[PDB]
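Coming up is one lone chain in structure tokens, specifically the form solved without the ligand.
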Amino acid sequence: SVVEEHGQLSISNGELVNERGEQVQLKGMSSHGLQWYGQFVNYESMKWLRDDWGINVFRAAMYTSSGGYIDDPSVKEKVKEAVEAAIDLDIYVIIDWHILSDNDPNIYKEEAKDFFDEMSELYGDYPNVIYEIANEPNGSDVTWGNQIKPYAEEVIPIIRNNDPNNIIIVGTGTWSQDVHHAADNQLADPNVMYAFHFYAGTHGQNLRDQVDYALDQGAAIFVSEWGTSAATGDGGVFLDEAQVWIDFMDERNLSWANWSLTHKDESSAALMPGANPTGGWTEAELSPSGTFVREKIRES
């Protein structure tokens, strides 16, 4: 239903729009690392998210380091499973090259080019796919102008040779918070968005003003990862601040994916220890974070 109705997404005047030019907002869940919690990524759990939570996007978080793709590339097959389920369920899917400890996206750029060539060759003629080429560039030595933008300018051509206009989300500096610098020196591709990530444990009023500054430069922003916890993914659940961000994203037509779909014992995890990896969760099998996120998507 979702993908049949909205079809080809594109960027028009800095807004995500459907194929009829109408604004569309995607709301869904991100997996945790596929090398650790890949059992929660399957057709049945994604269908349950679609039908019971109302998701219209799913994000496959393929870490590169931390025992991820570079050490064991077999995790790429779990990304393929998620994309295939999204196609079968008629929802959108984000393929996330999930850099983090490997803080400069240039570290594994050759592997990234080969991976995105493969994924775009396979899925480049489906409208469901959104490519997220560098989760969270970070470090004082990794800047938009010197490291991130040039990396994007090598990887985007690889994707575009196979898929000329599906959306590409490009990470920003300081763990995808520095949308101000990216917005002042935007990429040329017309179907790019910049990632903005937040955690509700951080007081967010200036970060909201910074997202607004970027939107004011005509940059499109996709909140491809956010949590109800502190920045570590743990340390408490901050639902008052999360609601302020939810309302902010609705007013600005910002699409988002919540972190994350796992039973890991940390506050940002959506599930409790006994949650079935194939879905069907009762109220008690959702954590306080999962209950809130589910409510937000159901309300939408």
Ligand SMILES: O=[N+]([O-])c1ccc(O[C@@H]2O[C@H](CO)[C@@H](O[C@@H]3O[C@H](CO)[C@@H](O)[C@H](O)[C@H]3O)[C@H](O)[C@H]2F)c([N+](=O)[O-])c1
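The first residue of the sequence shown is number 1, and the count goes up from there.
The form deposited with the ligand bound is left out here; the points below concern that form.
Taking non-hydrogen atoms only, residue 120 never approaches the ligand to within 4.5 angstroms in the deposited bound form. Interface residue remark: residue 266 is counted as part of the site for the ligand in the deposited bound form, having a heavy atom within 4.5 Å. Remark: residue 108 does not count among the residues lining the ligand in the deposited bound form, judged by a heavy atom distance of 4.5 Å or less. Using a 4.5 angstroms limit between non-hydrogen atoms, residue 248 is distant from the ligand in the deposited bound form.
Proximity to the ligand in the deposited bound form, defined as a heavy atom within 4.5 Å, holds among 100, 187, 85, 156 only for 100. Contact with the ligand in the deposited bound form, defined as a heavy atom within 4.5 Å, holds for exactly one of 191, 147, 162, 177, namely 177. With the partner omitted here, the stretch from 248-256, 228-236, 270-278, 45-53 that lies within 4.5 Å of the ligand by heavy atoms in the deposited bound form is 228-236. Candidate site formed by 81, 126 and 222: none of these residues places a non-hydrogen atom within 4.5 angstroms of the ligand in the deposited bound form. Along 190-223, a single residue, 199, places a heavy atom within 4.5 Å of the ligand in the deposited bound form.
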